[PDB]
Structures are given as structure tokens and as C-alpha cells.
Amino acid sequence: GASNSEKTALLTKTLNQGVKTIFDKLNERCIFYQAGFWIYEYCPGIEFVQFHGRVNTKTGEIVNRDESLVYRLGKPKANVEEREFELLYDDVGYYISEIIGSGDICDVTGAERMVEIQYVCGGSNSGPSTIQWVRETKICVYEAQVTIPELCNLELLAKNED
């Protein structure tokens with residue numbers, strides 16, 4: 001037989017490397033996604049909000065619009081140590097799950113408007129981080145995915161486009 005000691009070290013390394021990479025790629029600039037009529041904005045340890053607005057596809061910049069159609073999803077911490085991340089994997093490959101609650105309870109169901117972010121390797125290993133897709137699965141719960149080029153260096157995350 002043999003042992004798989006190194007596998008656990010590789011997991012610890014991919015998770016930590018992932019967290020610092022994510023924050024490094026978001027600290028420079030926040031990320032957004034225009035999900036039809038609504039837009040979703042995610043900042044580096046600030047907050048996660050959804051608003052009715054418009055975007056400039058040329059760079060992803062938002063357009064000056066009314067702030068009366070804005071909502072809260074999750075409220076992360078300021079420091080990377082005040083928060084906790086999870087190194088997961090699925091049939092495709094590895095990813096990092098990050099869930100953020102403390103929005104506004106949906107009185108319609110009686111659940112939290114907490115968001116789930118899945119950090120994966122991006123197809124363009126030569127571009128900034130951005131959201132891949134966005135979908136409000138439940139009435140309150142919302143799921144999103146974020147691509148990062150530097151994550152693809154980590155062999156565990158050397159899988160996407162499947």
C-alpha cells in the first residue's frame with residue numbers, strides 16, 4: 001500500500017493560495033454582472049448588492065443610475081482572517097465555496113438572502129477576475145461563479161471548459 005499525506009497538504013495549499021489570490025484580484029477592482037434587468041455587484045470584503053442599472057460592456061463600468069432600486073444579499077468581513085473559506089470539488093474539478101449572509105430575510109419564504117460564490121479557474125488565464133454567471137435559484141438564496149486566471153496555476157484547479 002501507500003499513503004496520501006501530500007494530498008491533504010495540496011488541499012491546504014490550494015485553499016490558502018486561492019483565498020489570497022481571490023482577494024488580490026478583487027482588491028484592485030470590484031466585479032459585476034448584468035443579469036438582464038438587474039445587475040449584481042461584488043466588492044473585495046465590503047458587501048454584495050443587486051440593483052437595477054446599466055453597464056458599459058467595453059470595460060464593465062456601471063452607468064450613473066438611480067439608487068432607489070438597490071438590495072442587500074451578503075455582508076462579508078473586512079479582514080481575510082475574520083472570514084472562513086471552503087475548498088470543494090465537483091464532477092468537473094475543484095473550486096472554492098464562499099457563502100455570505102446578513103442581507104434582509106425574505107418574508108416570502110422565511111429564509112436568508114445569503115449568496116454563494118464559487119471560485120474557479122477562468123478560460124482566459126490572461127484577464128481580470130469577473131463573475132461567470134448569476135442565478136437566483138431560490139427566492140432568497142442566490143448562486144454565482146467567479147473566474148480567476150491565477151487559480152489555474154494550482155494543479156487541483158487545472159480544469160474548466162468541460
# chains A, B, ... in the order shown; residues from 1 in each chain; ligands from 1
>>> closest_atom_pairs(of="range 57-111 of chain A", to="range 24-31 of chain A", cutoff="12 Å", atoms="only C-alpha atoms", output="CSV")
residue,atom,partner,partner_atom,distance
A:59,CA,A:31,CA,10.9
A:60,CA,A:31,CA,8.3
A:61,CA,A:31,CA,9.3
A:62,CA,A:31,CA,10.4
A:78,CA,A:27,CA,11.2
A:79,CA,A:27,CA,11.6
A:80,CA,A:24,CA,10.8
>>> write_last_selection(atoms="C-alpha atoms", output="tab-separated table (two decimals), in the first residue's frame")
chain	number	residue	atom	x	y	z
A	59	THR	CA	-14.84	47.71	-19.76
A	60	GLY	CA	-17.67	46.56	-17.43
A	61	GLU	CA	-18.13	50.03	-15.83
A	62	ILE	CA	-21.55	50.89	-14.40
A	78	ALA	CA	-13.19	43.36	6.23
A	79	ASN	CA	-10.16	41.15	7.02
A	80	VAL	CA	-9.41	37.84	5.29
>>> closest_atom_pairs(of="range 26-135 of chain A", to="range 140-143 of chain A", cutoff="6 Å", atoms="only C-alpha atoms", output="CSV")
residue,atom,partner,partner_atom,distance
A:106,CA,A:140,CA,5.8
A:112,CA,A:140,CA,5.9
A:113,CA,A:140,CA,4.2
A:114,CA,A:141,CA,5.6
A:115,CA,A:142,CA,4.9
A:116,CA,A:143,CA,4.8
A:135,CA,A:143,CA,5.6
>>> closest_atom_pairs(of="range 12-65 of chain A", to="range 117-126 of chain A", cutoff="12 Å", atoms="only C-alpha atoms", output="Markdown table")
| residue | atom | partner | partner_atom | distance |
| --- | --- | --- | --- | --- |
| A:14 | CA | A:120 | CA | 11.5 |
| A:15 | CA | A:119 | CA | 10.6 |
| A:18 | CA | A:119 | CA | 8.3 |
| A:19 | CA | A:119 | CA | 9.4 |
| A:21 | CA | A:119 | CA | 10.4 |
| A:22 | CA | A:119 | CA | 8.0 |
| A:23 | CA | A:119 | CA | 11.2 |
| A:25 | CA | A:119 | CA | 11.7 |
| A:26 | CA | A:119 | CA | 11.9 |
| A:42 | CA | A:117 | CA | 9.8 |
| A:48 | CA | A:117 | CA | 10.4 |
>>> closest_residue(among="A:131, A:9, A:99, A:92", to="residue 32 in chain A", atoms="only C-alpha atoms")
A:131
>>> atom_distance(atom1="CA of residue 150 in chain A", atom2="CA of residue 93 in chain A")
15.6 Å
>>> atom_distance(atom1="CA of residue 152 in chain A", atom2="CA of residue 76 in chain A")
25.0 Å
>>> closest_residue(among="A:73, A:162, A:153, A:138", to="residue 109 in chain A", atoms="only C-alpha atoms")
A:138
>>> select_by_dssp(residues="range 57-111 of chain A", states="strand (DSSP E or B)", output="number ranges by chain")
A: 61-62, 70-74, 86-89, 94-100, 106, 111
>>> write_last_selection(atoms="N, CA, C and O atoms", output="PDB file, in the first residue's frame")
ATOM      1  N   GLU A  61     -17.777  48.910 -16.688  1.00  0.00           N
ATOM      2  CA  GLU A  61     -18.128  50.031 -15.829  1.00  0.00           C
ATOM      3  C   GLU A  61     -19.640  50.206 -15.776  1.00  0.00           C
ATOM      4  O   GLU A  61     -20.339  49.942 -16.758  1.00  0.00           O
ATOM      5  N   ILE A  62     -20.138  50.667 -14.634  1.00  0.00           N
ATOM      6  CA  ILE A  62     -21.555  50.893 -14.404  1.00  0.00           C
ATOM      7  C   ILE A  62     -21.894  52.317 -14.883  1.00  0.00           C
ATOM      8  O   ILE A  62     -21.011  53.162 -15.058  1.00  0.00           O
ATOM      9  N   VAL A  70     -32.006  49.139  -5.130  1.00  0.00           N
ATOM     10  CA  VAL A  70     -30.790  48.509  -4.632  1.00  0.00           C
ATOM     11  C   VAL A  70     -31.210  47.572  -3.494  1.00  0.00           C
ATOM     12  O   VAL A  70     -32.138  47.899  -2.747  1.00  0.00           O
ATOM     13  N   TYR A  71     -30.551  46.415  -3.363  1.00  0.00           N
ATOM     14  CA  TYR A  71     -30.849  45.421  -2.339  1.00  0.00           C
ATOM     15  C   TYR A  71     -29.577  44.800  -1.775  1.00  0.00           C
ATOM     16  O   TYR A  71     -28.507  44.878  -2.382  1.00  0.00           O
ATOM     17  N   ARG A  72     -29.698  44.158  -0.607  1.00  0.00           N
ATOM     18  CA  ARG A  72     -28.602  43.510   0.107  1.00  0.00           C
ATOM     19  C   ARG A  72     -28.748  42.000   0.026  1.00  0.00           C
ATOM     20  O   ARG A  72     -29.868  41.482   0.027  1.00  0.00           O
ATOM     21  N   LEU A  73     -27.619  41.308  -0.089  1.00  0.00           N
ATOM     22  CA  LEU A  73     -27.526  39.861  -0.197  1.00  0.00           C
ATOM     23  C   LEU A  73     -26.698  39.359   0.982  1.00  0.00           C
ATOM     24  O   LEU A  73     -27.224  38.720   1.893  1.00  0.00           O
ATOM     25  N   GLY A  74     -25.396  39.654   0.953  1.00  0.00           N
ATOM     26  CA  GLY A  74     -24.461  39.246   1.978  1.00  0.00           C
ATOM     27  C   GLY A  74     -23.566  40.385   2.439  1.00  0.00           C
ATOM     28  O   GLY A  74     -23.245  41.303   1.675  1.00  0.00           O
ATOM     29  N   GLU A  86     -14.037  27.487   2.062  1.00  0.00           N
ATOM     30  CA  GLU A  86     -14.144  26.036   1.922  1.00  0.00           C
ATOM     31  C   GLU A  86     -13.636  25.553   0.564  1.00  0.00           C
ATOM     32  O   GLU A  86     -14.132  25.972  -0.481  1.00  0.00           O
ATOM     33  N   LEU A  87     -12.644  24.661   0.576  1.00  0.00           N
ATOM     34  CA  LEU A  87     -12.070  24.078  -0.629  1.00  0.00           C
ATOM     35  C   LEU A  87     -12.909  22.872  -1.029  1.00  0.00           C
ATOM     36  O   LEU A  87     -12.795  21.822  -0.391  1.00  0.00           O
ATOM     37  N   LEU A  88     -13.739  23.005  -2.062  1.00  0.00           N
ATOM     38  CA  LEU A  88     -14.605  21.946  -2.551  1.00  0.00           C
ATOM     39  C   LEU A  88     -14.198  21.514  -3.961  1.00  0.00           C
ATOM     40  O   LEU A  88     -13.249  22.030  -4.557  1.00  0.00           O
ATOM     41  N   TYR A  89     -14.890  20.506  -4.478  1.00  0.00           N
ATOM     42  CA  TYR A  89     -14.697  19.959  -5.808  1.00  0.00           C
ATOM     43  C   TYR A  89     -15.993  19.272  -6.212  1.00  0.00           C
ATOM     44  O   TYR A  89     -16.782  18.872  -5.353  1.00  0.00           O
ATOM     45  N   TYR A  94     -12.043  21.133  -9.073  1.00  0.00           N
ATOM     46  CA  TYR A  94     -12.047  21.866  -7.816  1.00  0.00           C
ATOM     47  C   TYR A  94     -12.574  23.292  -7.985  1.00  0.00           C
ATOM     48  O   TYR A  94     -12.605  23.834  -9.094  1.00  0.00           O
ATOM     49  N   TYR A  95     -12.965  23.897  -6.860  1.00  0.00           N
ATOM     50  CA  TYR A  95     -13.474  25.259  -6.729  1.00  0.00           C
ATOM     51  C   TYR A  95     -13.393  25.664  -5.250  1.00  0.00           C
ATOM     52  O   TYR A  95     -12.992  24.863  -4.401  1.00  0.00           O
ATOM     53  N   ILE A  96     -13.716  26.907  -4.903  1.00  0.00           N
ATOM     54  CA  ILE A  96     -13.692  27.382  -3.524  1.00  0.00           C
ATOM     55  C   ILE A  96     -15.065  27.981  -3.285  1.00  0.00           C
ATOM     56  O   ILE A  96     -15.478  28.833  -4.073  1.00  0.00           O
ATOM     57  N   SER A  97     -15.787  27.465  -2.295  1.00  0.00           N
ATOM     58  CA  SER A  97     -17.104  27.952  -1.943  1.00  0.00           C
ATOM     59  C   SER A  97     -16.921  29.025  -0.881  1.00  0.00           C
ATOM     60  O   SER A  97     -16.116  28.886   0.051  1.00  0.00           O
ATOM     61  N   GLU A  98     -17.682  30.094  -1.038  1.00  0.00           N
ATOM     62  CA  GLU A  98     -17.726  31.227  -0.150  1.00  0.00           C
ATOM     63  C   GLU A  98     -19.202  31.599  -0.051  1.00  0.00           C
ATOM     64  O   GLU A  98     -19.818  31.867  -1.081  1.00  0.00           O
ATOM     65  N   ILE A  99     -19.792  31.580   1.147  1.00  0.00           N
ATOM     66  CA  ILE A  99     -21.192  31.936   1.329  1.00  0.00           C
ATOM     67  C   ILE A  99     -21.238  33.208   2.175  1.00  0.00           C
ATOM     68  O   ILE A  99     -20.475  33.357   3.139  1.00  0.00           O
ATOM     69  N   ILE A 100     -22.134  34.128   1.834  1.00  0.00           N
ATOM     70  CA  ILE A 100     -22.274  35.399   2.520  1.00  0.00           C
ATOM     71  C   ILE A 100     -23.722  35.728   2.832  1.00  0.00           C
ATOM     72  O   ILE A 100     -24.503  35.991   1.922  1.00  0.00           O
ATOM     73  N   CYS A 106     -36.128  37.123   3.590  1.00  0.00           N
ATOM     74  CA  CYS A 106     -37.215  37.116   2.625  1.00  0.00           C
ATOM     75  C   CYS A 106     -38.462  36.676   3.357  1.00  0.00           C
ATOM     76  O   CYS A 106     -38.669  35.475   3.537  1.00  0.00           O
ATOM     77  N   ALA A 111     -36.427  32.750   4.864  1.00  0.00           N
ATOM     78  CA  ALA A 111     -35.028  32.365   4.719  1.00  0.00           C
ATOM     79  C   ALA A 111     -34.117  33.577   4.500  1.00  0.00           C
ATOM     80  O   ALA A 111     -34.600  34.691   4.288  1.00  0.00           O
TER      81      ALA A 111
END
>>> residues_around(residues="residue 36 in chain A", least_positions_apart="6", cutoff="12 Å", atoms="only C-alpha atoms", output="list in words")
residues 50, 51, 52, 53, 54, 55, 133, 134 and 135 of chain A
